[PDB]
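Structure, as structure tokens:
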Amino acid sequence: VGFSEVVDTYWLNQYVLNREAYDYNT
Amino acid sequence: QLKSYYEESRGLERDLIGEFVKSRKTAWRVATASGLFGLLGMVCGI
């Protein structure tokens, strides 16, 4: 009774930010 | 009312004192197994 990501998130971030964002200049 | 050839044969061949010795040996062995289960419970609790 008593007994009881770092790398992928970077790429996912950079992908979404660049994909969704927009600036004529960049 | 023996009612059994096998019972009479076993009663002849069986040694009473040795039977008692074996019975007590089994009793102590079972008690040791019980102590083992108890110690296992203690370890599981800890």
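Please note: Cβ atoms are built from the backbone with ideal geometry, for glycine as well, and neighbour counts cover all protein chains shown. FYI, it's all coordinate maths here, none of it is from the lab.
In sequence order, what are the phi-derived ³J(HN,Hα) couplings for region A:13-26 according to the Karplus relation 6.51 cos²θ - 1.76 cosθ + 1.60 with θ = phi - 60°, rounded to whole Hz, with x for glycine and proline?
4, 5, 4, 5, 4, 5, 5, 7, 6, 7, 7, 2, 6, 10
Answer with one residue from A:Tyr10, B:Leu12, B:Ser34: the one whose Cα lies farthest towards the positive end of the charge dipole of the protein assembly as shown, charges on Cβ with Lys, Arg +1 and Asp, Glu -1.
B:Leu12
Using alpha carbons only, how many degrees (0 to 90, rounded to 10) separate the axis of helix B:16-45 from the longest principal axis of chain B?
It is inclined by approximately 20 degrees.
Hey, fewest Cβ within 10 Å first, where do B:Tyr5, A:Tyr24 land in order?
Least crowded to most crowded, the residues run A:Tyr24, B:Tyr5.
Which net charge results for the neighbourhood of A:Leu12, defined as the other residues with beta-carbon distances under 11 angstrom from its beta-carbon, given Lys and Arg at +1 and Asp and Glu at -1?
The answer is -1.
Using the Cα atoms of chain B to build a convex hull, what is its mean projected area in square nanometres?
4.8 nm²
Hey, got the dipole for chain B? About the Cα centre, +1 on K and R Cβ, -1 on D and E Cβ, debye to the nearest 20?
Value, rounded to 20: 160 debye.
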